[PDB]
Amino acid sequence: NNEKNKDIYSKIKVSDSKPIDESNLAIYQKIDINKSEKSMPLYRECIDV
RNA sequence: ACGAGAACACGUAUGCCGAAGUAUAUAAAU
């Protein structure tokens with residue numbers, strides 16, 4: 001419940017990621033999973049499985 | 001025919017001689 005997590009935010013440091021080669025990149029369609037699976041108009045580049 | 005008349009307070013040398021605008025302290029926490 002934000003245990004002053006604004007404070008601890010400074011004391012834990014995360015580096016950026018190392019490179020990810022292309023063979024692990026894919027294009028996917030955004031799908032609205034619901035009672036009837038819908039399809040969003042646009043697509044995305046995202047990391048593969 | 002004036003206790004008068006003549007007589008450069010002159011001539012030599014300079015502000016020097018050594019020193020550091022120096023001493024640490026993240027353009028920072030989303």
# chains A, B, ... in the order shown; residues from 1 in each chain; ligands from 1
>>> closest_atom_pairs(of="chain A", to="chain B", cutoff="12 Å", atoms="only C-alpha atoms (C1' of nucleotides)", output="JSON lines")
{"residue": "A:5", "atom": "CA", "partner": "B:30", "partner_atom": "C1'", "distance": 11.6}
{"residue": "A:6", "atom": "CA", "partner": "B:30", "partner_atom": "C1'", "distance": 8.8}
{"residue": "A:7", "atom": "CA", "partner": "B:29", "partner_atom": "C1'", "distance": 9.9}
{"residue": "A:8", "atom": "CA", "partner": "B:29", "partner_atom": "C1'", "distance": 11.3}
{"residue": "A:9", "atom": "CA", "partner": "B:30", "partner_atom": "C1'", "distance": 8.3}
{"residue": "A:10", "atom": "CA", "partner": "B:29", "partner_atom": "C1'", "distance": 6.9}
{"residue": "A:11", "atom": "CA", "partner": "B:29", "partner_atom": "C1'", "distance": 10.0}
>>> select_by_dssp(residues="chain A", states="helix (DSSP H, G or I)", output="list in words")
residues 5, 6, 7, 8, 9, 10, 11, 22, 23 and 24 of chain A
>>> select_by_dssp(residues="chain A", states="strand (DSSP E or B)", output="PyMOL selection string")
chain A and resi 25-32+38-47
>>> write_last_selection(atoms="N, CA, C and O atoms", output="PDB file, in the first residue's frame")
ATOM      1  N   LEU A  25      12.009 -11.106 -32.474  1.00  0.00           N
ATOM      2  CA  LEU A  25      11.043 -10.030 -32.628  1.00  0.00           C
ATOM      3  C   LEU A  25       9.900 -10.512 -33.503  1.00  0.00           C
ATOM      4  O   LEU A  25      10.130 -11.242 -34.468  1.00  0.00           O
ATOM      5  N   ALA A  26       8.671 -10.128 -33.167  1.00  0.00           N
ATOM      6  CA  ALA A  26       7.555 -10.515 -34.017  1.00  0.00           C
ATOM      7  C   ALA A  26       6.490  -9.430 -34.036  1.00  0.00           C
ATOM      8  O   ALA A  26       6.404  -8.591 -33.134  1.00  0.00           O
ATOM      9  N   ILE A  27       5.676  -9.463 -35.102  1.00  0.00           N
ATOM     10  CA  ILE A  27       4.501  -8.611 -35.254  1.00  0.00           C
ATOM     11  C   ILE A  27       3.270  -9.404 -34.864  1.00  0.00           C
ATOM     12  O   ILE A  27       3.098 -10.556 -35.276  1.00  0.00           O
ATOM     13  N   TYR A  28       2.398  -8.778 -34.085  1.00  0.00           N
ATOM     14  CA  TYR A  28       1.201  -9.442 -33.604  1.00  0.00           C
ATOM     15  C   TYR A  28       0.023  -8.489 -33.675  1.00  0.00           C
ATOM     16  O   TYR A  28       0.171  -7.271 -33.539  1.00  0.00           O
ATOM     17  N   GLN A  29      -1.150  -9.059 -33.889  1.00  0.00           N
ATOM     18  CA  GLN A  29      -2.360  -8.265 -33.878  1.00  0.00           C
ATOM     19  C   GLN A  29      -2.886  -8.152 -32.460  1.00  0.00           C
ATOM     20  O   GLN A  29      -2.873  -9.117 -31.693  1.00  0.00           O
ATOM     21  N   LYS A  30      -3.329  -6.947 -32.095  1.00  0.00           N
ATOM     22  CA  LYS A  30      -3.928  -6.750 -30.749  1.00  0.00           C
ATOM     23  C   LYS A  30      -5.319  -7.392 -30.751  1.00  0.00           C
ATOM     24  O   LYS A  30      -6.126  -7.040 -31.632  1.00  0.00           O
ATOM     25  N   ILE A  31      -5.577  -8.316 -29.821  1.00  0.00           N
ATOM     26  CA  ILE A  31      -6.879  -9.046 -29.796  1.00  0.00           C
ATOM     27  C   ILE A  31      -7.622  -8.694 -28.504  1.00  0.00           C
ATOM     28  O   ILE A  31      -7.028  -8.859 -27.420  1.00  0.00           O
ATOM     29  N   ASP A  32      -8.870  -8.227 -28.616  1.00  0.00           N
ATOM     30  CA  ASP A  32      -9.682  -7.927 -27.407  1.00  0.00           C
ATOM     31  C   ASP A  32     -10.359  -9.217 -26.931  1.00  0.00           C
ATOM     32  O   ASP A  32     -11.484  -9.501 -27.390  1.00  0.00           O
ATOM     33  N   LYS A  38     -12.522 -10.093 -30.032  1.00  0.00           N
ATOM     34  CA  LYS A  38     -12.519  -9.005 -31.047  1.00  0.00           C
ATOM     35  C   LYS A  38     -11.081  -8.759 -31.518  1.00  0.00           C
ATOM     36  O   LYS A  38     -10.153  -9.282 -30.876  1.00  0.00           O
ATOM     37  N   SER A  39     -10.909  -7.997 -32.603  1.00  0.00           N
ATOM     38  CA  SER A  39      -9.550  -7.687 -33.120  1.00  0.00           C
ATOM     39  C   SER A  39      -9.353  -6.169 -33.205  1.00  0.00           C
ATOM     40  O   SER A  39     -10.116  -5.516 -33.943  1.00  0.00           O
ATOM     41  N   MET A  40      -8.365  -5.636 -32.478  1.00  0.00           N
ATOM     42  CA  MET A  40      -8.056  -4.181 -32.550  1.00  0.00           C
ATOM     43  C   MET A  40      -7.464  -3.867 -33.925  1.00  0.00           C
ATOM     44  O   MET A  40      -6.753  -4.738 -34.474  1.00  0.00           O
ATOM     45  N   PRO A  41      -7.696  -2.669 -34.508  1.00  0.00           N
ATOM     46  CA  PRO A  41      -7.254  -2.376 -35.881  1.00  0.00           C
ATOM     47  C   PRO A  41      -5.750  -2.396 -36.087  1.00  0.00           C
ATOM     48  O   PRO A  41      -5.316  -2.682 -37.207  1.00  0.00           O
ATOM     49  N   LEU A  42      -4.937  -2.120 -35.071  1.00  0.00           N
ATOM     50  CA  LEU A  42      -3.510  -1.948 -35.292  1.00  0.00           C
ATOM     51  C   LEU A  42      -2.718  -3.112 -34.713  1.00  0.00           C
ATOM     52  O   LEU A  42      -3.220  -3.923 -33.931  1.00  0.00           O
ATOM     53  N   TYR A  43      -1.448  -3.161 -35.099  1.00  0.00           N
ATOM     54  CA  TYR A  43      -0.536  -4.252 -34.799  1.00  0.00           C
ATOM     55  C   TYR A  43       0.653  -3.723 -34.008  1.00  0.00           C
ATOM     56  O   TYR A  43       0.803  -2.519 -33.795  1.00  0.00           O
ATOM     57  N   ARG A  44       1.510  -4.640 -33.569  1.00  0.00           N
ATOM     58  CA  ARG A  44       2.623  -4.252 -32.717  1.00  0.00           C
ATOM     59  C   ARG A  44       3.847  -5.107 -32.991  1.00  0.00           C
ATOM     60  O   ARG A  44       3.717  -6.296 -33.291  1.00  0.00           O
ATOM     61  N   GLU A  45       5.024  -4.489 -32.913  1.00  0.00           N
ATOM     62  CA  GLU A  45       6.255  -5.230 -32.676  1.00  0.00           C
ATOM     63  C   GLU A  45       6.420  -5.544 -31.193  1.00  0.00           C
ATOM     64  O   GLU A  45       6.150  -4.716 -30.324  1.00  0.00           O
ATOM     65  N   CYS A  46       6.732  -6.818 -30.923  1.00  0.00           N
ATOM     66  CA  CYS A  46       6.899  -7.291 -29.525  1.00  0.00           C
ATOM     67  C   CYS A  46       7.859  -8.483 -29.518  1.00  0.00           C
ATOM     68  O   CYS A  46       7.975  -9.155 -30.563  1.00  0.00           O
ATOM     69  N   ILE A  47       8.512  -8.746 -28.385  1.00  0.00           N
ATOM     70  CA  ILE A  47       9.422  -9.875 -28.265  1.00  0.00           C
ATOM     71  C   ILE A  47       8.651 -11.178 -28.411  1.00  0.00           C
ATOM     72  O   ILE A  47       7.486 -11.286 -28.009  1.00  0.00           O
TER      73      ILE A  47
END
>>> atom_distance(atom1="atom CA of residue 3 of chain A", atom2="atom CA of residue 17 of chain A")
27.8 Å
>>> decode(residues="segment 2-28 of chain A", atoms="N, CA and C atoms", output="JSON list (two decimals), in the first residue's frame")
[["chain", "number", "residue", "atom", "x", "y", "z"],
["A", 2, "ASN", "N", 1.86, 1.31, -0.93],
["A", 2, "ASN", "CA", 2.82, 2.41, -0.97],
["A", 2, "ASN", "C", 3.38, 2.65, 0.42],
["A", 3, "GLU", "N", 4.09, 1.65, 0.92],
["A", 3, "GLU", "CA", 4.78, 1.83, 2.19],
["A", 3, "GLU", "C", 5.93, 2.79, 1.91],
["A", 4, "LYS", "N", 5.56, 4.07, 1.79],
["A", 4, "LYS", "CA", 6.51, 5.14, 1.51],
["A", 4, "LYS", "C", 7.38, 4.77, 0.32],
["A", 5, "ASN", "N", 6.81, 4.00, -0.60],
["A", 5, "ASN", "CA", 7.60, 3.42, -1.68],
["A", 5, "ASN", "C", 8.22, 4.50, -2.55],
["A", 6, "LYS", "N", 7.69, 5.72, -2.45],
["A", 6, "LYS", "CA", 8.37, 6.89, -3.00],
["A", 6, "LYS", "C", 9.78, 7.02, -2.43],
["A", 7, "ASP", "N", 9.99, 6.61, -1.17],
["A", 7, "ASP", "CA", 11.33, 6.69, -0.59],
["A", 7, "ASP", "C", 12.25, 5.61, -1.14],
["A", 8, "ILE", "N", 11.84, 4.35, -1.00],
["A", 8, "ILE", "CA", 12.72, 3.22, -1.43],
["A", 8, "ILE", "C", 12.97, 3.28, -2.94],
["A", 9, "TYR", "N", 12.17, 4.04, -3.68],
["A", 9, "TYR", "CA", 12.30, 4.10, -5.16],
["A", 9, "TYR", "C", 13.75, 4.44, -5.56],
["A", 10, "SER", "N", 14.47, 5.22, -4.74],
["A", 10, "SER", "CA", 15.81, 5.65, -5.13],
["A", 10, "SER", "C", 16.88, 4.61, -4.81],
["A", 11, "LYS", "N", 16.60, 3.69, -3.90],
["A", 11, "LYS", "CA", 17.66, 2.85, -3.36],
["A", 11, "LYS", "C", 17.73, 1.48, -4.03],
["A", 12, "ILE", "N", 17.02, 1.28, -5.13],
["A", 12, "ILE", "CA", 17.00, 0.01, -5.85],
["A", 12, "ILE", "C", 17.12, 0.31, -7.33],
["A", 13, "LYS", "N", 18.23, -0.11, -7.95],
["A", 13, "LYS", "CA", 18.63, 0.40, -9.24],
["A", 13, "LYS", "C", 18.60, -0.69, -10.30],
["A", 14, "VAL", "N", 17.99, -0.39, -11.45],
["A", 14, "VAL", "CA", 17.80, -1.37, -12.51],
["A", 14, "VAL", "C", 18.48, -0.88, -13.78],
["A", 15, "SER", "N", 19.32, -1.73, -14.35],
["A", 15, "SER", "CA", 19.96, -1.44, -15.62],
["A", 15, "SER", "C", 19.02, -1.72, -16.78],
["A", 16, "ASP", "N", 19.29, -1.08, -17.90],
["A", 16, "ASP", "CA", 18.59, -1.39, -19.14],
["A", 16, "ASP", "C", 19.03, -2.75, -19.66],
["A", 17, "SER", "N", 18.30, -3.24, -20.64],
["A", 17, "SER", "CA", 18.54, -4.59, -21.10],
["A", 17, "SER", "C", 19.66, -4.63, -22.13],
["A", 18, "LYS", "N", 20.30, -5.78, -22.20],
["A", 18, "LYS", "CA", 21.26, -6.07, -23.24],
["A", 18, "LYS", "C", 20.52, -6.30, -24.56],
["A", 19, "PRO", "N", 21.23, -6.27, -25.68],
["A", 19, "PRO", "CA", 20.53, -6.31, -26.97],
["A", 19, "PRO", "C", 19.77, -7.61, -27.13],
["A", 20, "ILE", "N", 18.69, -7.54, -27.89],
["A", 20, "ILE", "CA", 17.89, -8.71, -28.23],
["A", 20, "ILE", "C", 17.86, -8.79, -29.75],
["A", 21, "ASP", "N", 18.47, -9.83, -30.30],
["A", 21, "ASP", "CA", 18.60, -9.96, -31.74],
["A", 21, "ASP", "C", 17.23, -10.09, -32.39],
["A", 22, "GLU", "N", 17.19, -9.81, -33.69],
["A", 22, "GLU", "CA", 15.91, -9.67, -34.39],
["A", 22, "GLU", "C", 15.11, -10.96, -34.37],
["A", 23, "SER", "N", 15.78, -12.10, -34.51],
["A", 23, "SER", "CA", 15.06, -13.37, -34.60],
["A", 23, "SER", "C", 14.11, -13.58, -33.44],
["A", 24, "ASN", "N", 14.18, -12.75, -32.41],
["A", 24, "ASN", "CA", 13.26, -12.83, -31.30],
["A", 24, "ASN", "C", 12.24, -11.70, -31.32],
["A", 25, "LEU", "N", 12.01, -11.11, -32.47],
["A", 25, "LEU", "CA", 11.04, -10.03, -32.63],
["A", 25, "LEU", "C", 9.90, -10.51, -33.50],
["A", 26, "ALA", "N", 8.67, -10.13, -33.17],
["A", 26, "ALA", "CA", 7.55, -10.52, -34.02],
["A", 26, "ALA", "C", 6.49, -9.43, -34.04],
["A", 27, "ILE", "N", 5.68, -9.46, -35.10],
["A", 27, "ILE", "CA", 4.50, -8.61, -35.25],
["A", 27, "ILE", "C", 3.27, -9.40, -34.86],
["A", 28, "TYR", "N", 2.40, -8.78, -34.09],
["A", 28, "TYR", "CA", 1.20, -9.44, -33.60],
["A", 28, "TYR", "C", 0.02, -8.49, -33.67]]
